[PDB]
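Report on the structure given below.
Letters A, B, ... mirror the listed sequences (proteins, then strands); counts begin at 1. Scope of the values below: all heavy atoms of this structure, side chains included, with no hydrogens, waters or symmetry mates.
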Amino acid sequence: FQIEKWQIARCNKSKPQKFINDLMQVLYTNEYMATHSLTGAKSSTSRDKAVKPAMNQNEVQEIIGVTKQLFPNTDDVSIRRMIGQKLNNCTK
Amino acid sequence: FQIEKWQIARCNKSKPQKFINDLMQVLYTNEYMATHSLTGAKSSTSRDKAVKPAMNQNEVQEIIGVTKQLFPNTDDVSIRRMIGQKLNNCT
DNA sequence: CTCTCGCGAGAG
DNA sequence: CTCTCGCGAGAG
């Protein structure tokens, strides 16, 4: 699993969160992003509810590497939160 | 309100979050940080308990300014989240 | 305390 | 859709 330049060409380059919003939209359906989390962990505030399965960690790490290449001043922890932010803003 | 170099000098320079954690512990008591949020916004979740009041926004901008001088490639909004993380760290 | 991290309101 | 930003479990 390898993100290509033609996928990267379609994505806002002004800001990392904007790049992530565009790239996730190129790679994934809305239904997929609404039903998965970054890590598959239970939310501290979800009691006795379905736990969303994790993204493919190979796809996560490719997403992070491509983002890091275009945004050298963003770091691992920030890009992870940004992928989570996009996933959190998708509804079934 | 101005942050002095003697306060900056007591702080980890390796990572912005470590710097912010050190800097805020030099400026504020644990109990102050325990009981404030960055902006004083009402929780999206716990709507019953009293709302933690905001930090002083002048102090916030002086912290972001001093952070930005040492970590010029960290953006303003990340620094705001890091100030938030450290307040949360005191709860 | 510290970090990571899924979630939510409510206003753009 | 998109952002800011507070809660809070669990492992460290």
Could you state the [atom1]-[atom2] distance from [X] to [N], rounded to the nearest angstrom?
X        : N      : atom1 : atom2 : result
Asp75(A) : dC5(C) : CG    : P     : 12 Å
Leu38(B) : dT4(D) : CG    : P     : 12 Å
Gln17(B) : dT4(C) : CD    : P     : 8 Å
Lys15(A) : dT2(D) : NZ    : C1'   : 10 Å
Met24(B) : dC1(C) : CE    : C1'   : 14 Å
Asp22(A) : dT2(D) : CG    : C1'   : 12 Å
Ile20(B) : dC3(C) : CD1   : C1'   : 16 Å
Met82(A) : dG6(C) : CE    : P     : 15 Å

Is the phosphate of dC7(D), meaning OP1 or OP2, less than 4.0 Å from a side-chain N or O of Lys52(B)?
->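 Checking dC7(D) against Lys52(B), a side-chain N or O does come within under 4.0 Å of OP1 or OP2.
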Looking at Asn21(B), does any N or O in its side chain come under 4.0 Å of the phosphate oxygens OP1/OP2 on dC3(C)?
->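 For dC3(C), OP1/OP2 do have a side-chain N/O of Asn21(B) under 4.0 Å.
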[X] near the nucleic acid: base, sugar-phosphate alone, or nothing, with a heavy-atom cut-off under 4.0 Å?
X        : result
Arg81(A) : base
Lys18(B) : sugar-phosphate
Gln85(B) : base
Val51(A) : nothing

Can you spot which of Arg80(A), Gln57(A), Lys52(A), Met55(A) makes a side-chain contact (heavy atoms from CB on, under 4.5 Å) with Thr39(A)?
->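 It is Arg80(A), the one option of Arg80(A), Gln57(A), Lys52(A), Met55(A) that forms the side-chain contact (heavy atoms from CB on, under 4.5 Å) with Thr39(A).
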Counting only heavy atoms not in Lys13(B), do more than 12 sit closer than 6.0 Å to its NZ atom?
->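 Yes, enclosed.
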5' priority, DNA chain C, between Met33(B) and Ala50(A) [closest heavy atom] =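 The 5'-side residue here is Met33(B).
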Out of [options], whichever nucleotide has its closest atom nearest the side chain of [X]:
X        : options                 : answer
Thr39(A) : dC7(C), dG8(D), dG6(C)  : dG6(C)
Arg47(B) : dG10(C), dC3(C), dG6(C) : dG10(C)
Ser44(A) : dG8(D), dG6(D), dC1(C)  : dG8(D)
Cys90(B) : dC1(D), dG6(D), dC1(C)  : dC1(C)
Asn89(B) : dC3(C), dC7(D), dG10(C) : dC3(C)
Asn89(A) : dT2(D), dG8(D), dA9(C)  : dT2(D)
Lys86(A) : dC7(C), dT2(D), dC1(C)  : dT2(D)

For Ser43(A) and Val77(B), take the nucleotide of DNA chain D holding the closest heavy atom to each; which residue's nucleotide lies nearer the 5' end?
->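 Per heavy-atom nearest nucleotide, the more 5' residue is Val77(B).
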How about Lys86(B) and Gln17(B): does a side-chain donor come under 3.5 Å of a side-chain acceptor?
->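 There is no such pair between these side chains.
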Taking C1'-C2'-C3'-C4' positive as north and negative as south, where does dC7(C) sit?
->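 Since its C1'-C2'-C3'-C4' torsion is positive, the sugar of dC7(C) is on the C3'-endo, or north, side.
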Got a second to check how far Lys18(B)'s NZ is from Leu23(B)'s CG, nearest 0.5 Å?
->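 So the NZ of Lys18(B) and the CG of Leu23(B) are separated by 14.5 Å.
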Distance (rounded to the nearest 0.5 Å) between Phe1(B) CZ and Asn56(B) CG =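 One finds 8.0 Å between CZ of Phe1(B) and CG of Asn56(B).
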Heavy-atom donor-acceptor pair, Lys42(B) side chain to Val51(B) backbone, under 3.5 Å =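 A pair under 3.5 Å: no.
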Ignoring hydrogens and angles, does a donor from either the side chain of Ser37(A) or the base of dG6(C) sit under 3.5 Å from an acceptor on the other?
->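 By the distance-only test, no, there is no pair.
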Is the base of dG6(D) touched by the side chain of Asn88(B) through a donor-acceptor pair closer than 3.5 angstrom?
->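 Answer is no: no donor-acceptor pair is held.
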